[PDB]
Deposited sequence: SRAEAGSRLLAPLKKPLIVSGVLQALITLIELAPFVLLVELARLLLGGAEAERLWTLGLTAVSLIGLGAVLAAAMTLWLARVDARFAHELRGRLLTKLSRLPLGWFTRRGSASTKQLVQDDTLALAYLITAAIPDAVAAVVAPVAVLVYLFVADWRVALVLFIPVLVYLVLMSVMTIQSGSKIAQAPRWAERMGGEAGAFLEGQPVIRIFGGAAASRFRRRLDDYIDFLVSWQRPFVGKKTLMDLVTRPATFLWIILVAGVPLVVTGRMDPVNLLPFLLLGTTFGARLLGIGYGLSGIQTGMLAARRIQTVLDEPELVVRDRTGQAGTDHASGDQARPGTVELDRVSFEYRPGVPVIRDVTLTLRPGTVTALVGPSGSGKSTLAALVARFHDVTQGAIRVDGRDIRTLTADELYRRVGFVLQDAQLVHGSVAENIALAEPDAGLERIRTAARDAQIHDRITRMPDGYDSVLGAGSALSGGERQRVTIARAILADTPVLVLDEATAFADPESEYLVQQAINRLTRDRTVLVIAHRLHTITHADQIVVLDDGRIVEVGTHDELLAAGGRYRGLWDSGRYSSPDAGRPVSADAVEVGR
């Protein structure tokens, strides 16, 4: 696989070495039994004791050596994998830091967690044990069988029977479960998604449908029914391969083919010694690769899924190459092709000017804010901040220039300070309190048990209005030239909303501001009100001008009084 070989390029030489080292290790592990065979022949021959001692002690030591080398190689080779997984998880987290946010929304958090963690973990067999096992399964059977072939062909051809039956069992198992292997990661993502929504959307399930009617449980049964159909013929074949390749099955079939030869005048019982000592040894080598073929398949698919993300379009920072000025020129955008969401918008935001972007729900106003932050790339036209194209700015320069509040008060699992100080984690507690006091949430944080260290994990410590005031506290502390407020104070009561807006006016009296709000009476004082209806600028002007115009804004304003 090119998508996999391109990913496992860095480990070319660790893998080639592991292939060679396992070739020597299995030969070292088969060496004691060649000596123990020689010890056995001389016992029948009654040779001198010191010769037997030498073969005995060398064989026991070579067992110790082989176990030490095989153990040591598995320590190194496991550590090499842990270093590649750490690096590769680093590359993924760096890539996903650059992709447009369309990648995340259409995919979900369950699929990303599978990508970063479970797909990289799926490579563990492909690096740590796939090439060791492949070489071990090739040389140890070939070395054993060829040596046993010289010893006696009659019992040797009978050893093919467990081998060929095993090959047919693994081929039939592989082709049968191959389709299920492809469907497996998608099923894991879907149930990863359903498990996540089941836990996150608990208040919904507790009222609308309950446990039995939940779509999680209906998918859960379907997943288990997929697992049973996948795992019954798979585990059913796995144990058949275990039975066929066991030492007892080799030892029994050797005796069945040897004992009749021993009883008749056709084979001496001394020539049985190689088979009974070595013939039972190579089953576990074949059994390792047979159980590993599925591990390779999940590994190669996981590599293909990882590399497919690592060549995704990256939202590049091109080298093409007034302060606080944001200009939208002929900007059009489409979340997916064929539907226009924004249609040739042209708008200019200047320092010290509060701009209100209002309109019908679904008209595209939050999408414009997302384009200014460059979560997505405009399909036409250009956006430039302080006269420089956003596609030419780097993320640090871009996000140092603009600050954002995004209408979805997402809070990260950490202290309130680790959420208020998200923009500047090194910022001191004196700034963090000052941001919160200006966002009008310090009174709430003081009453918490841990104070400013209280954790904000899953569904904890804050209500909807309080989650937003943390997010406004975060945006204040970032302290950027431009500020973008996406339905800030939507959940804030009028007493708190006035205090927060007064703070923002105080802080951003000489800063570019873009207020987005459905409540039109809260943007009565914007120097320009931009009306966005169905992805186009239908009218622009002050509050009074738009009321006199008798257009969309007059209708929305009149409809507000109910």
Self-check item: In sequence order, the deposited-sequence ranges that have no modelled C-alpha atom
Solution: 1 to 2, 324 to 336, 578 to 595
